[PDB]
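What follows is the content of work_11.pdb (PDB, N, CA and C atoms and all ligand atoms).
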ATOM      1  N   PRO H 108    -207.473  34.016-103.413  1.00  0.00           N
ATOM      2  CA  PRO H 108    -207.492  32.634-102.868  1.00  0.00           C
ATOM      3  C   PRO H 108    -208.882  32.053-103.078  1.00  0.00           C
ATOM      4  N   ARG H 109    -209.222  30.978-102.369  1.00  0.00           N
ATOM      5  CA  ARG H 109    -210.550  30.355-102.498  1.00  0.00           C
ATOM      6  C   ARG H 109    -211.682  31.349-102.266  1.00  0.00           C
ATOM      7  N   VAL H 110    -212.715  31.275-103.088  1.00  0.00           N
ATOM      8  CA  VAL H 110    -213.866  32.158-102.926  1.00  0.00           C
ATOM      9  C   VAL H 110    -214.625  31.606-101.710  1.00  0.00           C
ATOM     10  N   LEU H 111    -214.447  32.267-100.575  1.00  0.00           N
ATOM     11  CA  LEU H 111    -215.062  31.857 -99.306  1.00  0.00           C
ATOM     12  C   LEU H 111    -216.565  32.206 -99.279  1.00  0.00           C
ATOM     13  N   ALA H 112    -217.303  31.699-100.255  1.00  0.00           N
ATOM     14  CA  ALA H 112    -218.743  31.927-100.360  1.00  0.00           C
ATOM     15  C   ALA H 112    -219.451  31.362 -99.125  1.00  0.00           C
ATOM     16  N   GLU H 113    -218.798  30.399 -98.484  1.00  0.00           N
ATOM     17  CA  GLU H 113    -219.300  29.738 -97.274  1.00  0.00           C
ATOM     18  C   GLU H 113    -219.561  30.702 -96.111  1.00  0.00           C
ATOM     19  N   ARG H 114    -219.070  31.932 -96.225  1.00  0.00           N
ATOM     20  CA  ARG H 114    -219.244  32.939 -95.170  1.00  0.00           C
ATOM     21  C   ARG H 114    -220.710  33.258 -94.889  1.00  0.00           C
ATOM     22  N   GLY H 115    -221.562  33.066 -95.886  1.00  0.00           N
ATOM     23  CA  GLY H 115    -222.973  33.365 -95.724  1.00  0.00           C
ATOM     24  C   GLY H 115    -223.785  32.224 -95.162  1.00  0.00           C
ATOM     25  N   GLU H 116    -224.616  32.527 -94.173  1.00  0.00           N
ATOM     26  CA  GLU H 116    -225.493  31.528 -93.560  1.00  0.00           C
ATOM     27  C   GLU H 116    -226.574  31.108 -94.564  1.00  0.00           C
ATOM     28  N   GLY H 117    -226.791  31.970 -95.550  1.00  0.00           N
ATOM     29  CA  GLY H 117    -227.772  31.719 -96.592  1.00  0.00           C
ATOM     30  C   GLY H 117    -227.157  31.055 -97.810  1.00  0.00           C
ATOM     31  N   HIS H 118    -227.908  30.968 -98.899  1.00  0.00           N
ATOM     32  CA  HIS H 118    -227.386  30.328-100.114  1.00  0.00           C
ATOM     33  C   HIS H 118    -226.073  30.855-100.651  1.00  0.00           C
ATOM     34  N   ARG H 119    -225.105  29.958-100.749  1.00  0.00           N
ATOM     35  CA  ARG H 119    -223.794  30.301-101.285  1.00  0.00           C
ATOM     36  C   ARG H 119    -223.832  30.718-102.760  1.00  0.00           C
ATOM     37  N   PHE H 120    -224.646  30.047-103.582  1.00  0.00           N
ATOM     38  CA  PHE H 120    -224.766  30.377-105.012  1.00  0.00           C
ATOM     39  C   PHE H 120    -223.415  30.389-105.734  1.00  0.00           C
ATOM     40  N   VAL H 121    -222.706  29.277-105.733  1.00  0.00           N
ATOM     41  CA  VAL H 121    -221.396  29.251-106.422  1.00  0.00           C
ATOM     42  C   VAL H 121    -221.514  29.236-107.956  1.00  0.00           C
ATOM     43  N   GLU H 122    -221.102  30.336-108.575  1.00  0.00           N
ATOM     44  CA  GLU H 122    -221.151  30.507-110.038  1.00  0.00           C
ATOM     45  C   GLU H 122    -220.380  29.473-110.864  1.00  0.00           C
ATOM     46  N   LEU H 123    -221.026  28.960-111.904  1.00  0.00           N
ATOM     47  CA  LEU H 123    -220.392  27.982-112.785  1.00  0.00           C
ATOM     48  C   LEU H 123    -219.909  28.630-114.088  1.00  0.00           C
ATOM     49  N   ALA H 124    -218.641  28.423-114.406  1.00  0.00           N
ATOM     50  CA  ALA H 124    -218.067  28.971-115.629  1.00  0.00           C
ATOM     51  C   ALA H 124    -218.777  28.377-116.854  1.00  0.00           C
ATOM     52  N   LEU H 125    -219.284  29.221-117.742  1.00  0.00           N
ATOM     53  CA  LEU H 125    -219.950  28.735-118.950  1.00  0.00           C
ATOM     54  C   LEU H 125    -218.903  28.066-119.845  1.00  0.00           C
ATOM     55  N   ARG H 126    -219.076  26.769-120.081  1.00  0.00           N
ATOM     56  CA  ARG H 126    -218.158  25.942-120.895  1.00  0.00           C
ATOM     57  C   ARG H 126    -217.994  26.267-122.397  1.00  0.00           C
ATOM     58  N   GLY H 127    -218.015  27.535-122.771  1.00  0.00           N
ATOM     59  CA  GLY H 127    -217.859  27.906-124.173  1.00  0.00           C
ATOM     60  C   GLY H 127    -219.146  27.685-124.944  1.00  0.00           C
ATOM     61  N   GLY H 128    -220.187  27.337-124.207  1.00  0.00           N
ATOM     62  CA  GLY H 128    -221.497  27.098-124.779  1.00  0.00           C
ATOM     63  C   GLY H 128    -222.481  27.424-123.682  1.00  0.00           C
ATOM     64  N   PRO H 129    -223.789  27.221-123.888  1.00  0.00           N
ATOM     65  CA  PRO H 129    -224.767  27.540-122.845  1.00  0.00           C
ATOM     66  C   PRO H 129    -224.645  26.750-121.549  1.00  0.00           C
ATOM     67  N   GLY H 130    -225.582  27.035-120.667  1.00  0.00           N
ATOM     68  CA  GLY H 130    -225.684  26.376-119.387  1.00  0.00           C
ATOM     69  C   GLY H 130    -227.172  26.491-119.204  1.00  0.00           C
ATOM     70  N   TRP H 131    -227.764  25.847-118.217  1.00  0.00           N
ATOM     71  CA  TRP H 131    -229.212  25.916-118.030  1.00  0.00           C
ATOM     72  C   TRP H 131    -229.620  26.235-116.590  1.00  0.00           C
ATOM     73  N   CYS H 132    -230.566  27.156-116.408  1.00  0.00           N
ATOM     74  CA  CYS H 132    -231.070  27.507-115.077  1.00  0.00           C
ATOM     75  C   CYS H 132    -231.944  26.297-114.831  1.00  0.00           C
ATOM     76  N   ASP H 133    -231.493  25.331-114.040  1.00  0.00           N
ATOM     77  CA  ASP H 133    -232.298  24.106-113.864  1.00  0.00           C
ATOM     78  C   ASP H 133    -233.667  24.466-113.303  1.00  0.00           C
ATOM     79  N   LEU H 134    -233.679  25.554-112.554  1.00  0.00           N
ATOM     80  CA  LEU H 134    -234.885  26.121-111.984  1.00  0.00           C
ATOM     81  C   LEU H 134    -235.886  26.517-113.093  1.00  0.00           C
ATOM     82  N   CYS H 135    -235.415  27.293-114.064  1.00  0.00           N
ATOM     83  CA  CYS H 135    -236.260  27.757-115.169  1.00  0.00           C
ATOM     84  C   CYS H 135    -236.469  26.780-116.323  1.00  0.00           C
ATOM     85  N   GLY H 136    -235.464  25.960-116.562  1.00  0.00           N
ATOM     86  CA  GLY H 136    -235.487  25.029-117.674  1.00  0.00           C
ATOM     87  C   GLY H 136    -234.984  25.774-118.903  1.00  0.00           C
ATOM     88  N   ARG H 137    -234.736  27.070-118.728  1.00  0.00           N
ATOM     89  CA  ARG H 137    -234.257  27.955-119.790  1.00  0.00           C
ATOM     90  C   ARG H 137    -232.751  28.190-119.713  1.00  0.00           C
ATOM     91  N   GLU H 138    -232.115  28.319-120.865  1.00  0.00           N
ATOM     92  CA  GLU H 138    -230.669  28.561-120.939  1.00  0.00           C
ATOM     93  C   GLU H 138    -230.207  29.832-120.219  1.00  0.00           C
ATOM     94  N   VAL H 139    -229.036  29.752-119.607  1.00  0.00           N
ATOM     95  CA  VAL H 139    -228.443  30.876-118.886  1.00  0.00           C
ATOM     96  C   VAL H 139    -227.343  31.562-119.704  1.00  0.00           C
ATOM     97  N   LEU H 140    -227.689  32.677-120.329  1.00  0.00           N
ATOM     98  CA  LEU H 140    -226.711  33.418-121.127  1.00  0.00           C
ATOM     99  C   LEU H 140    -225.600  33.927-120.201  1.00  0.00           C
ATOM    100  N   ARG H 141    -225.993  34.288-118.987  1.00  0.00           N
ATOM    101  CA  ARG H 141    -225.068  34.791-117.967  1.00  0.00           C
ATOM    102  C   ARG H 141    -224.639  33.597-117.088  1.00  0.00           C
ATOM    103  N   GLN H 142    -223.556  33.723-116.335  1.00  0.00           N
ATOM    104  CA  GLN H 142    -223.082  32.648-115.462  1.00  0.00           C
ATOM    105  C   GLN H 142    -224.055  32.300-114.344  1.00  0.00           C
ATOM    106  N   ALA H 143    -224.653  31.133-114.477  1.00  0.00           N
ATOM    107  CA  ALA H 143    -225.596  30.615-113.508  1.00  0.00           C
ATOM    108  C   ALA H 143    -224.920  30.367-112.165  1.00  0.00           C
ATOM    109  N   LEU H 144    -225.584  30.744-111.087  1.00  0.00           N
ATOM    110  CA  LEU H 144    -225.032  30.551-109.754  1.00  0.00           C
ATOM    111  C   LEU H 144    -225.707  29.374-109.087  1.00  0.00           C
ATOM    112  N   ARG H 145    -224.903  28.485-108.523  1.00  0.00           N
ATOM    113  CA  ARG H 145    -225.423  27.247-107.936  1.00  0.00           C
ATOM    114  C   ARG H 145    -225.326  27.148-106.451  1.00  0.00           C
ATOM    115  N   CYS H 146    -226.416  27.216-105.721  1.00  0.00           N
ATOM    116  CA  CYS H 146    -226.248  27.029-104.286  1.00  0.00           C
ATOM    117  C   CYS H 146    -226.054  25.520-104.062  1.00  0.00           C
ATOM    118  N   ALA H 147    -224.792  25.118-104.015  1.00  0.00           N
ATOM    119  CA  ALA H 147    -224.394  23.725-103.856  1.00  0.00           C
ATOM    120  C   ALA H 147    -224.933  23.098-102.582  1.00  0.00           C
ATOM    121  N   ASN H 148    -225.257  23.929-101.607  1.00  0.00           N
ATOM    122  CA  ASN H 148    -225.770  23.440-100.338  1.00  0.00           C
ATOM    123  C   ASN H 148    -227.111  22.759-100.381  1.00  0.00           C
ATOM    124  N   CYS H 149    -227.891  23.004-101.420  1.00  0.00           N
ATOM    125  CA  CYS H 149    -229.209  22.423-101.473  1.00  0.00           C
ATOM    126  C   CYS H 149    -229.985  22.513-102.782  1.00  0.00           C
ATOM    127  N   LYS H 150    -230.065  23.727-103.281  1.00  0.00           N
ATOM    128  CA  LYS H 150    -230.850  24.030-104.478  1.00  0.00           C
ATOM    129  C   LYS H 150    -230.332  23.760-105.902  1.00  0.00           C
ATOM    130  N   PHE H 151    -230.250  24.814-106.699  1.00  0.00           N
ATOM    131  CA  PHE H 151    -229.897  24.747-108.112  1.00  0.00           C
ATOM    132  C   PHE H 151    -228.948  25.770-108.683  1.00  0.00           C
ATOM    133  N   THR H 152    -228.629  25.614-109.968  1.00  0.00           N
ATOM    134  CA  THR H 152    -227.777  26.552-110.685  1.00  0.00           C
ATOM    135  C   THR H 152    -228.756  27.422-111.468  1.00  0.00           C
ATOM    136  N   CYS H 153    -229.029  28.595-110.946  1.00  0.00           N
ATOM    137  CA  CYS H 153    -230.009  29.476-111.563  1.00  0.00           C
ATOM    138  C   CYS H 153    -229.449  30.740-112.191  1.00  0.00           C
ATOM    139  N   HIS H 154    -230.223  31.366-113.076  1.00  0.00           N
ATOM    140  CA  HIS H 154    -229.787  32.654-113.675  1.00  0.00           C
ATOM    141  C   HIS H 154    -229.493  33.601-112.505  1.00  0.00           C
ATOM    142  N   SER H 155    -228.523  34.484-112.685  1.00  0.00           N
ATOM    143  CA  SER H 155    -228.167  35.454-111.653  1.00  0.00           C
ATOM    144  C   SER H 155    -229.442  36.189-111.276  1.00  0.00           C
ATOM    145  N   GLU H 156    -230.143  36.613-112.307  1.00  0.00           N
ATOM    146  CA  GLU H 156    -231.403  37.322-112.198  1.00  0.00           C
ATOM    147  C   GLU H 156    -232.467  36.495-111.454  1.00  0.00           C
ATOM    148  N   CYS H 157    -232.523  35.195-111.739  1.00  0.00           N
ATOM    149  CA  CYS H 157    -233.488  34.294-111.114  1.00  0.00           C
ATOM    150  C   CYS H 157    -233.270  34.133-109.615  1.00  0.00           C
ATOM    151  N   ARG H 158    -232.060  34.416-109.133  1.00  0.00           N
ATOM    152  CA  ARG H 158    -231.780  34.315-107.681  1.00  0.00           C
ATOM    153  C   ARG H 158    -232.777  35.142-106.875  1.00  0.00           C
ATOM    154  N   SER H 159    -233.278  36.205-107.484  1.00  0.00           N
ATOM    155  CA  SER H 159    -234.254  37.096-106.855  1.00  0.00           C
ATOM    156  C   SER H 159    -235.489  36.350-106.344  1.00  0.00           C
ATOM    157  N   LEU H 160    -235.951  35.379-107.122  1.00  0.00           N
ATOM    158  CA  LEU H 160    -237.134  34.587-106.785  1.00  0.00           C
ATOM    159  C   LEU H 160    -236.958  33.631-105.594  1.00  0.00           C
ATOM    160  N   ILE H 161    -235.756  33.547-105.043  1.00  0.00           N
ATOM    161  CA  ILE H 161    -235.504  32.651-103.915  1.00  0.00           C
ATOM    162  C   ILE H 161    -235.565  33.409-102.599  1.00  0.00           C
ATOM    163  N   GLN H 162    -236.696  33.282-101.922  1.00  0.00           N
ATOM    164  CA  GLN H 162    -236.909  33.938-100.631  1.00  0.00           C
ATOM    165  C   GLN H 162    -236.722  32.991 -99.437  1.00  0.00           C
ATOM    166  N   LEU H 163    -236.134  31.825 -99.686  1.00  0.00           N
ATOM    167  CA  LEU H 163    -235.892  30.843 -98.621  1.00  0.00           C
ATOM    168  C   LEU H 163    -234.520  30.178 -98.781  1.00  0.00           C
ATOM    169  N   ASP H 164    -233.675  30.380 -97.776  1.00  0.00           N
ATOM    170  CA  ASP H 164    -232.293  29.854 -97.704  1.00  0.00           C
ATOM    171  C   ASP H 164    -232.058  28.342 -97.705  1.00  0.00           C
ATOM    172  N   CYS H 165    -230.789  27.962 -97.563  1.00  0.00           N
ATOM    173  CA  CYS H 165    -230.376  26.579 -97.612  1.00  0.00           C
ATOM    174  C   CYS H 165    -231.219  25.609 -96.773  1.00  0.00           C
ATOM    175  N   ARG H 166    -231.737  24.638 -97.508  1.00  0.00           N
ATOM    176  CA  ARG H 166    -232.572  23.556 -96.975  1.00  0.00           C
ATOM    177  C   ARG H 166    -231.864  22.763 -95.886  1.00  0.00           C
TER     178      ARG H 166
HETATM  179 ZN    ZN N 201    -233.824  31.067-114.222  1.00  0.00          ZN
HETATM  180 ZN    ZN N 202    -228.671  26.752-100.034  1.00  0.00          ZN
END
Written as structure tokens, that's how I'd like the structure from this file.
Amino acid sequence: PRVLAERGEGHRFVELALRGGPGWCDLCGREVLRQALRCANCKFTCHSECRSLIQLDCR
């Protein structure tokens, strides 16, 4: 059923399906070979790996 990512008090990071071509970690400005996760609550669509650099939850 629906991915209840909302369960977390912290960043949801909802993954965006790569449209048959690249996507961009808006955070990095660099292309996301892997499915970028987007915390729709406040931040950006970042590399899965880049999520590590986020030590502060939803604004
Ligand atoms: Zn990144
Ligand atoms: Zn957030």
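Pairwise distance (atom N of residue H:114, atom CA of residue H:141) equals 22.7 Å.
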Exercise for the section: Extract, using all atoms listed in the file, all DNA, RNA and protein residues at most 7 Å from residue H:148, discarding same-chain residues fewer than 4 positions from it, and format them as a PyMOL selection string. Expected result: chain H and resi 118-120+165-166
Suppose we keep N, CA and C atoms; can you now write the selection as an mmCIF file, in the coordinates of the input?
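Final output, part_33.cif:
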data_model
loop_
_atom_site.group_PDB
_atom_site.id
_atom_site.type_symbol
_atom_site.label_atom_id
_atom_site.label_comp_id
_atom_site.auth_asym_id
_atom_site.auth_seq_id
_atom_site.Cartn_x
_atom_site.Cartn_y
_atom_site.Cartn_z
ATOM 1 N N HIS H 118 -227.908 30.968 -98.899
ATOM 2 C CA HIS H 118 -227.386 30.328 -100.114
ATOM 3 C C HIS H 118 -226.073 30.855 -100.651
ATOM 4 N N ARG H 119 -225.105 29.958 -100.749
ATOM 5 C CA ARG H 119 -223.794 30.301 -101.285
ATOM 6 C C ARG H 119 -223.832 30.718 -102.760
ATOM 7 N N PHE H 120 -224.646 30.047 -103.582
ATOM 8 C CA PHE H 120 -224.766 30.377 -105.012
ATOM 9 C C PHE H 120 -223.415 30.389 -105.734
ATOM 10 N N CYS H 165 -230.789 27.962 -97.563
ATOM 11 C CA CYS H 165 -230.376 26.579 -97.612
ATOM 12 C C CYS H 165 -231.219 25.609 -96.773
ATOM 13 N N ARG H 166 -231.737 24.638 -97.508
ATOM 14 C CA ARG H 166 -232.572 23.556 -96.975
ATOM 15 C C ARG H 166 -231.864 22.763 -95.886
#
Problem - Within-12 Å residues of ligand ZN 201 (chain N), basis only C-alpha atoms and all ligand atoms, as an MDAnalysis selection string - result: chainID H and resid 130:145 151:161
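Straight-line separation from atom N of residue H:149 to atom C of residue H:117: 8.9 Å.
The residues of chain H that DSSP classifies as strand (DSSP E), using the backbone of this structure, are residues 121, 122, 144, 145, 152 and 153 of chain H.
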Exercise for the section: Would you mind reading off the distance between atom CA of residue H:146 and atom ZN of ligand ZN 202 (chain N), one decimal, in Å? Expected result: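 One can read the atom CA of residue H:146 to atom ZN of ligand ZN 202 (chain N) distance as 4.9 Å.
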Practice task
Determine the nearest neighbour of ligand ZN 202 (chain N) from the options H:110, H:127, H:122, H:116, counting only N, CA and C atoms and all ligand atoms.
Solution key: H:116
Exercise for the section: Choose the residue, out of H:162, H:123, H:128, H:150, that has the smallest atom-to-atom separation from ligand ZN 202 (chain N); count only N, CA and C atoms and all ligand atoms. Expected result: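 When distances to ligand ZN 202 (chain N) are compared using only N, CA and C atoms and all ligand atoms, the smallest one comes from H:150.
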May I have the centre and edge lengths, in Å to one decimal, of an axis-aligned box around the listed atoms of stretch 142-151 of chain H with 6 Å added to every side, as lines of an AutoDock Vina configuration file?
center_x = -227.0
center_y = 28.1
center_z = -108.3
size_x = 19.8
size_y = 23.3
size_z = 28.0
Practice task
Give the helix (DSSP H, G or I) residues of chain H, as DSSP finds them on the backbone, and put them as a ChimeraX atom specification.
Solution key: /H:112-114,156-160
